[PDB]
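Undergrad: partial complex follows, first chain(s) only, in situ:
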Amino acid sequence: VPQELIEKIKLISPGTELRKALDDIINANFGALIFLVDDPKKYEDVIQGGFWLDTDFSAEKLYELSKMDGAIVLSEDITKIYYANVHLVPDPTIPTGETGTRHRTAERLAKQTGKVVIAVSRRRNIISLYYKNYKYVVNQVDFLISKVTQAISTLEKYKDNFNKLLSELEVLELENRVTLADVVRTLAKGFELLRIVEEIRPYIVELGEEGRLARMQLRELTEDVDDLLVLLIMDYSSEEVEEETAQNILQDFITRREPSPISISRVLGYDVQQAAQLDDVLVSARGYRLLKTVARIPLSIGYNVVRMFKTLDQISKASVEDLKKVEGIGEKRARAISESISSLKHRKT
Amino acid sequence: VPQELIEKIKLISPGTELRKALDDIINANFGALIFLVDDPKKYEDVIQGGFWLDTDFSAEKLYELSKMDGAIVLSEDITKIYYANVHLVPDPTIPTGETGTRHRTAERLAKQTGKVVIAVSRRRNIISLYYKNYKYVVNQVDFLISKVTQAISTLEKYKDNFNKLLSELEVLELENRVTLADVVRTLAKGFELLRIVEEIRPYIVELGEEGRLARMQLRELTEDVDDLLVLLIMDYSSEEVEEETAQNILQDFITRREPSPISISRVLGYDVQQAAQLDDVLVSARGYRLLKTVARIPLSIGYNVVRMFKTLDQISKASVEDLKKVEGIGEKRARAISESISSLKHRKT
């Protein structure tokens, strides 16, 4: 959805004065045809009759004016009401796939002028926004909340399964018994979880102010998921991979590519044919995930540790003395690494 | 519910153009009587007057036409609108249990012609679909979402209890202190959980496109439950049982038979009279569940392991050398089996 169009959508999103007025118009079953222009004098060819108002905008004024037949003309920033009860006359030759005089008029005028035109039928509760060659149907909050609440509840389920796969993989990592199947399975669920987030995003935006709690819920649920997926990619990719490259891997599986077993294993650098082979491939974590998230060791410094010990397994066997031989690790970071790992092994395994 | 009827239901399920039109008809309180035929010329005996249109179908056209009294005649694939404002005259002698001219007309015409007839009253919000001798009442999405959301919330509860019973049984299995009561109790909850899924299924289908999130939620919640139940049956049945036979046991308790303690113990091969005897019967897991789900050993190969060690208890005491004496188990699978079991015992017990 183009950004130039997303900007216009904000104009009638829950929270704005304009939307408050449109909600009331809908509740009263009045119809509405609103034309947003900047220079009223320049549309004497498409705007006919009505009353010249040139007054300050307000939700109550718009509502009251919508009681009359015809269209209302507002300024682009919704600060002035220019005309009311006007007859809009766009070029009849302009193609339109709309039905009815009001919507056909709205699409034609928007295409002809490159301006925003809002239409509301008397019987229905949707707001149709036309801008240039675009058409966006805005829904009432109740419909949006139902979809968003369902999506969140769905996300909770995926997240619960992600957490179980993660704790299981954690045990396998600490014991160095991880297979490519385990890794890919965890990444797959992580990619599916973030995809759901991406798909509900437009619903959230459209909710405007009414989407505050929904946003907070999405944040609490998916907080550090992205980072976690990036660290897993770095820890299990066939060959050393830069963080940015890992983040790009993530972005691709979250939008373009499809998170299938073989496909994920393929992008990780493993030449696998059948998904049954995944259980056959053994892999050892580099150690980034634990070093950063648990030992609180910056990636730039974690590279150094991996460069020397190569795997988490070796890192877990290294003494403080051993660890201090690494650039960037003093008695403090050496203790943190050593202690955080020995603590997890004892508690988890 | 016959499949030939489920096909017709899809025609007016959320997502289709036809349903979009019917939703609008309902919202406007217009009534509707739609007849779906393939060869319009062949019904001159039941179709009278009106206007011959023979035009391409669209939701807006259907809606506009429903403003007139009478019936609308569409093509079976909903691509053409043949007539509008017609008088439908089915045989008056045909039996009908419907009330009112419109619904009695619809049921008679559907029975007389073997075709689909859709009726909508002006005052109510349900869609009545008649086909041959069938009648299916389709509900609005809001009603369906309420029932489905409740069922899912209910499933979450059953699943939480299933998970607790499973972790408890896991401890008992690793310690070899399982009784027939423990097994049957876990299977019972598992059968009750899947039954709920089966009962909400028609609601999900009827939701059409609006049932996407609901489906994803059901999948995340019951993902590997079926497999798990089949493996339990294989591990605790009185005598060795094939997977297919286990899957058939599952299908029966999920639809036909009732998951009562004694009944489940009976089908497992145990001659028990009172449910109080279940706590008295000791049983030892064959080992399939752990071998497949944890060691990732294919059932065909797990049979071999069980054939030799007979029980999970013995399998847990076998060394890698011991395990490698089995056909299909090399140093890799022997390690996986041995390590995965010793890890669970240490962590869980």
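TA: Alright, I've got the coordinates. Numbers count the residues shown, from 1 in each chain, chains lettered A, B, ... in the order given.

Undergrad: can you name the residues of chain A sitting close to chain B?
TA: Contact residues (Cβ under 8 Å from any Cβ of the partner chain) of chain A with chain B: A:99-100, A:123-124, A:146-147, A:150-151, A:153-154, A:157-158, A:160-161, A:171, A:175, A:177, A:179, A:181, A:196, A:279-280, A:348-349. To be clear about C-beta, it is placed using only N, CA and C from the backbone, and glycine gets the same treatment.

Undergrad: of these, select the buried ones using a PyMOL command.
TA: To isolate the buried members of these in PyMOL, using 16 or more other Cβ atoms under 10 Å in any protein chain shown:
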select buried, chain A and resi 146+147+150+151+153+154+157+158+161+171+175+177+179+181+196+279
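
Undergrad: next step: the residues of chain A next to chain B restricted to helices.
TA: Members of the residues of chain A next to chain B lying in helices (criterion: DSSP state H): A:146-147, A:150-151, A:153-154, A:157-158, A:160-161, A:171, A:181, A:196, A:348.

Undergrad: ok, so of those residues, who is nearest residue B:106?
TA: Residue B:106 has its nearest neighbour among these in residue A:146, at 31.4 Å by Cβ to Cβ.

Undergrad: quick one: residue A:330 and residue A:324 touch, right?
TA: Yes - using Cβ atoms under 8 Å, residue A:330 makes contact with residue A:324 at a distance of 6.7 Å.

Undergrad: chain C should join the structure above:
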Amino acid sequence: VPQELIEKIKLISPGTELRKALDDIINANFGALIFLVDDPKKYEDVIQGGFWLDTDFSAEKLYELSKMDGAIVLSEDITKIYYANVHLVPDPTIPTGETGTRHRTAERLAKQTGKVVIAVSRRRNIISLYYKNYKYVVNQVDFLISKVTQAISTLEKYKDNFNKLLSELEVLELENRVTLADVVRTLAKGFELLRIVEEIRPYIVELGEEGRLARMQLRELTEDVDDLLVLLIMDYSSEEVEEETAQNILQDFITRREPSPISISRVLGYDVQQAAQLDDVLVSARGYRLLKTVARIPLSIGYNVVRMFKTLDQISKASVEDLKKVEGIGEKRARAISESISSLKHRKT
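TA: Putting chain C onto the chains we already have gives this:
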């Protein structure tokens, strides 16, 4: 709420044909005044004019008849429609606190005849049922579902807190460091949880068929809570207490008495003044809870074990030989008791 009245409520609960008709009447904004009698000939003094029908009842017939002014007279079992469009004339001297002719008429007639009278106003969506001197207002399903869904969600919260208190008490029990405060705190939450269940019960009943999922949810959530509370009472009461007596203690705190710290400690047999003293009183579990729920030892036999070992602490130190000296405990039950306890200590502590 009297049972004789609960019986009449069932007549118009979701699921019945009568309620289906009333729902439609409400949806159409028609009013309704229904009189349920067994012998129509015997009310010529309160029933005037209208049409004598004496026909079989059906939802559609009732609905159609409600289009006329006046009242409808049905048979008590809702199988016949006796009159329609009648004028009901109860004694004007009978006291009534209702407003409007229809509701004042309904209450007077119900009091005068001891029969059921149902009233529905044209503008509102509630069903008012009058029977003798009772009046019950039945609500639409949507209102009931909202309250019930909220209550269940609330129960989930109390249950989560109950579970945390229980696992904490479990640790304390296995270690024999329980104080009267710990016990009372757990019982209090358990009494509050079951009370909520008792308060939502009428809402559930009133939901009729539409309350199936709600019931299943309440069952899964509070399944073995009652038993658990009874066993705790038996394990921590100051002096040995019979099961029935424990169940009566439970029933009282779930309805009559208020679950306050001191009050619960008082009824347990402990003479405590301030709630601050609770942390000062040390108590040792008899062992019933663990013996029955974990070792699967019947209470009649558990009494024997307690009679000899006195406390769970001693029971946990007893060998199989020691345990077998008890009446009712053989090598099987001795092993179960010994093994189940040693397993919990190892896993939990």
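
Undergrad: any idea how many residues pack against the residue of the stretch 1-150 of chain A found nearest chain C?
TA: Residue nearest to chain C within the stretch 1-150 of chain A: residue A:149 (12.3 Å; Cβ to the nearest Cβ). Counted with other Cβ atoms under 10 Å in any protein chain shown, residues neighbouring residue A:149 total 16.

Undergrad: close to chain C: what parts of chain A are there?
TA: Counting by Cβ under 8 Å from any Cβ, chain A has no residue next to chain C.

Undergrad: break chain A into its domains for me.
TA: According to curated CATH domains, chain A comprises the domains A:1-138, A:139-286, A:287-349.

Undergrad: which stretch among those comes nearest residue B:28?
TA: Judging the domains of chain A by Cβ to Cβ, what sits closest to residue B:28 is domain A:1-138, at 5.6 Å.

Undergrad: show me the contacts for whatever residue of the stretch 151-300 of chain A ends up closest to chain C.
TA: When scored by Cβ to the nearest Cβ, the stretch 151-300 of chain A has residue A:153 as its residue closest to chain C, at 12.3 Å. By Cβ atoms under 8 Å, 6 or more residues apart in numbering or on different chains, residue A:153 lies in contact with B:149, B:152, B:213, B:217.

Undergrad: all strands in chain A, in order from the N-terminus.
TA: Per DSSP state E, chain A carries strands over the ranges A:32-37, A:47-48, A:51-56, A:71-75, A:80-88, A:116-120, A:127-131, A:134-138.

Undergrad: while you're at it, add chain D from this line:
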Amino acid sequence: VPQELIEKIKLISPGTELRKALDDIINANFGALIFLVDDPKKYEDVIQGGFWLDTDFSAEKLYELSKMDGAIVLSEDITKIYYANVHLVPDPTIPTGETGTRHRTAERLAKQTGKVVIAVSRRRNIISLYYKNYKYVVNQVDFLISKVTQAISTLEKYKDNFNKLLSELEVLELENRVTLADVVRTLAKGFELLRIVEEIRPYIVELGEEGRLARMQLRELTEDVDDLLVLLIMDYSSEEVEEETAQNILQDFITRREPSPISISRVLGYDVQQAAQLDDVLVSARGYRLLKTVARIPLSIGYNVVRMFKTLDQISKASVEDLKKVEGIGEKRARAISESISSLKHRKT
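TA: That brings us to chain D, laid onto the chains above:
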């Protein structure tokens, strides 16, 4: 929101007879203009015509009277209905930002008389309450329940994350490996959780009787959170801090100040510049949290223990003999402290 205004809001909150009447007025689309005064005789200058009633108030009476045009005059405590169908004539010169005769009249009269004036338009479902220079818009229960249910669901998410941070910090505390980052992160989530509670509070109040379940849910979810945050502040502040001072720290971050890392660390007494330095600062718990919440040692006595051992780490190494050297700790409290700590270390680490 001023308390003098909150008092007036209660007058029309769900549960009151007045609100029951207003809900009905709204459902019937009747309008309403209600004036609440104590001495009717004293407003002959703003009250004109209508009917003098001087009768007892009831919901049905108010409803019936609202069918007439004009205003209704009630007594301040809602016990009497003084006038009906009156013309209200407040001073036209008084400033008003309202639209329409009814709302402009209501705001003017409330400002002019310092009394409560309630306005309801025929088309909308909100109740507008005017009092002196205040204006409060009351919403229907369905709107409030949706917001409250969302907020609670959001709180559940924050609480789940708080619990995970707490268990993680618990491990770090028992092992004495806590950094200022860990502490601040936990406090931040705790401050964000309580803030949400504070923001939903007005919605809860406005729900009146319909907010009972909502309140119970908020209580179960945030039960001992405040105490826990206060104890953390006491355990990790740079210098010894009194409980009251800790509670004041809490109140500030829950309303005035913003819970940002550096800001929280700053108020704790640590001179930190960048949030990256937090991971660099090591801190040791005083021991209050564990002493009070786990050992059940009063803060007044816990001060003594800390005064001597200084840190939880030292407290965990102290023998019963060592602990008994402290004022206020006998064999009982010494055992509780020693045993509760050794139990946590064994179970958690």
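
Undergrad: the neighbour count of residue A:149 again please, this time with chain D.
TA: 20.

Undergrad: what's around the nearest residue to it once chain neighbours are set aside, how many residues?
TA: Distance criterion Cβ to Cβ, 6 or more residues apart in numbering or on different chains; nearest residue to residue A:149, sequence neighbours excluded, is residue D:150 at 7.6 Å. The tally of other residues near residue D:150 (other Cβ under 10 Å) stands at 21.

Undergrad: please report the distance of residue D:150 from residue B:147.
TA: As defined by Cβ to Cβ, to the nearest Å, residue D:150 lies at a distance of 21 Å from residue B:147.

Undergrad: what's the answer for residue A:53, then?
TA: Using Cβ to Cβ, we find residue A:53 at a distance of 50 Å from residue B:147.

Undergrad: and stretch A:118-128, what's buried?
TA: Across stretch A:118-128, burial judged by 16+ other Cβ under 10 Å covers A:118, A:119, A:120, A:121, A:127, A:128.

Undergrad: equivalent analysis for stretch A:213-221, please.
TA: Going by neighbour count (16+ other Cβ under 10 Å), the buried part of stretch A:213-221 is A:213, A:214, A:216, A:217, A:218, A:220, A:221.

Undergrad: of the residues you listed, list those near chain D.
TA: A:213, A:214, A:216, A:217, A:220, A:221.

Undergrad: okay, now the nearest residue to residue A:253 once chain neighbours are set aside: neighbour count?
TA: Excluding the flanking residues, the one nearest residue A:253 by Cβ to Cβ, 6+ apart is residue A:191, at 4.4 Å. Neighbours of residue A:191 under the rule other Cβ under 10 Å: 22.
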